[PDB]
Amino acid sequence: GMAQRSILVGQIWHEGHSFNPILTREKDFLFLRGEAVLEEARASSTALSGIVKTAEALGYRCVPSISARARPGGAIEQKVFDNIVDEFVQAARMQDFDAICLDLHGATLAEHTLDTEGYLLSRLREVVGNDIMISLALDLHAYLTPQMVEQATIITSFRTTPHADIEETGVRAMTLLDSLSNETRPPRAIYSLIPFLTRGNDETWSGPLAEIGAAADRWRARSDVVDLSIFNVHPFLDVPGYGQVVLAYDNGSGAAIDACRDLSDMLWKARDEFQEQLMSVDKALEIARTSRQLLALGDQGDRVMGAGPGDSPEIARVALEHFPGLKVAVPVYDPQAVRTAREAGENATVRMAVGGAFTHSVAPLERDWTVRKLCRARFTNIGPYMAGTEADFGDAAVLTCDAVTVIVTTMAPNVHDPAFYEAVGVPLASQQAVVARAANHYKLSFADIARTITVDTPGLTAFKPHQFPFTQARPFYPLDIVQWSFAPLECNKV
Ligand SMILES: [Zn+2]
């Protein structure tokens with residue numbers, strides 16, 4: 001037809017954990033619909049922002065479906081996930097569009113649906129058919145499945161950890177889609193599963209991913225590679241077809257197989273390089289005790305950014321027991337503690353076990369807690385990571401005992417930014433160490449005001465596969481000693 005071309009756009013952001021017993025609920029989501037989806041995209045720096053800004057700079061009209069963002073955590077309540085998909089499907093019916101370009105995480109998880117993105121693509125194709133193009137921007141932590149490869153025209157992921165190319169990945173999803181406009185066929189896809197999980201040393205600026213990322217850039221610079229991505233799968237999913245994935249696209253007779261071979265072999269060779277020795281909590285708290293600079297401690301074992309619950313009071317425990325007088329603040333998921341605190345009121349002292357209700361691996365911390373402040377854990381992230389984005393971890397109580405402050409929260413405490421501490425009235429200057437529930441994504445946000453050390457704590461996000469009852473994920477390395485060699489799936493062979 002003759003009319004301006006339009007692109008259907010939308011977003012889902014959620015990362016799951018098969019071993020977090022706390023379901024992600026409707027409350028945990030921010031939803032936008034209609035034009036508001038596009039207004040937010042233009043004012044932000046997500047992959048969706050990239051998709052929408054690029055589509056509009058290129059002359060396309062963008063048509064909204066919805067956007068749905070919830071912090072990482074347990075599987076989404078199935079009904080809520082079903083309602084999200086239905087809103088996508090309905091937008092796919094009601095609207096006029098010539099192609100679809102979406103910002104999805106790739107490791108969203110629902111209580112019954114294990115491959116959520118794959119499922120979403122199928123439901124959309126039920127309504128839109130197999131001719132129109134669908135392009136995805138994905139997080140590199142995606143659980144990338146054969147169904148996804150089969151149901152999408154093209155897929156591209158982040159290339160940095162910590163994730164600093166989020167928007168650019170969106171730009172590229174849309175640019176790739178636009179580039180395919182005159183093609184008489186979809187591009188050929190080569191999928192390769194390398195059956196191991198990473199256990200740290202997984203940043204892209206140094207370590208094994210720097211070499212592998214360099215090789216990847218050279219492959220993509222060839223005129224006979226359309227694109228390629230490397231997925232370091234989120235390592236807390238009990239799902240089949242599990243491991244690292246290399247995904248490459250060409251015109252049917254380019255280098256997608258060679259690229260995928262080279263990179264799969266490098267990842268395999270490097271499988272035991274993805275390990276680290278994090279500093280102990282005792283050593284880190286002793287640096288804090290002897291430093292003028294604030295310490296910001298990444299609680300590796302209980303990261304909400306790794307879809308953990310954030311109920312570990314462990315760092316508070318060690319501070320209390322081994323460093324009396326050391327001023328440490330820790331954010332802890334404990335909705336009951338909040339409610340107990342709210343009933344006692346500000347200024348009361350209550351004997352109470354805080355934290356540890358959800359992570360089997362750490363004990364609740366029981367003390368005479370004084371309730372210094374009741375307030376809402378609502379604030380704006382300074383960033384860089386998620387700069388400008390508003391957060392709300394629910395009703396909160398700031399609790400003290402000896403020199404330790406525990407801020408208990410009603411919703412998952414995705415603390416990766418200094419604004420949290422200021423918003424709940426625990427000023428950073430007042431502490432010698434504070435806790436971030438992230439390993440990599442808090443560092444830039446605290447770089448200017450703290451020494452950042454990620455510490456070797458226990459819990460549901462420790463890089464210890466042997467601690468989890470993986471069932472349908474197995475076999476994978478390190479748990480199983482498997483004899484892998486390159487064996488790709490090919491899709492849209494020409
Ligand atoms: Zn990620």
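Side chains included, hydrogens not; waters and symmetry mates left out as well; all remaining heavy atoms used. Indexing begins at 1, ligand by ligand and atom by atom, following the structure's order. In what follows, residues are counted from 1 in the order of the sequence shown.
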Review point. Is there a donor-acceptor pair closer than 3.5 Å between any side-chain N or O of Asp139 and the backbone N or O of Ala142?
Key: no

**Study point:** Which atom of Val37 lies closest to which atom of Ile66, heavy atoms considered
**Key:** CG2-CA, 3.8 Å

Practice item. At a cut-off of 2.8 Å, list the protein N/O/S atoms near the Zn ion (ligand 1), residue plus atom name. Key: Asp139 OD1, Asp139 OD2, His141 ND1, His163 NE2

**Study point:** Residue pairs involving residues 145-165 (criterion ring-ring contact (aromatic ring centres under 6.0 Å, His included); sequence neighbours excluded)
**Key:** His141-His163, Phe158-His163, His163-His441

Atom pairs and distances, side-chain donor-acceptor, residues 241-249, under 3.5 Å, sequence neighbours left out:
unit_1	atom_1	unit_2	atom_2	d
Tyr242	OH	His234	O	2.6
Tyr242	OH	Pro235	O	3.4
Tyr242	OH	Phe236	N	3.2
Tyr242	OH	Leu237	N	2.8
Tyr242	OH	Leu237	O	3.2
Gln244	OE1	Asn232	ND2	2.8
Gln244	NE2	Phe196	O	3.0
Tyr249	OH	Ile155	N	3.3

**Study point:** Qualifying residues under ring-ring contact (aromatic ring centres under 6.0 Å, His included), relative to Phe486, sequence neighbours excluded
**Key:** none

Review point. Has the side chain of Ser44 got a donor or acceptor atom that lies under 3.5 Å from a matching backbone atom of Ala41?
Key: yes

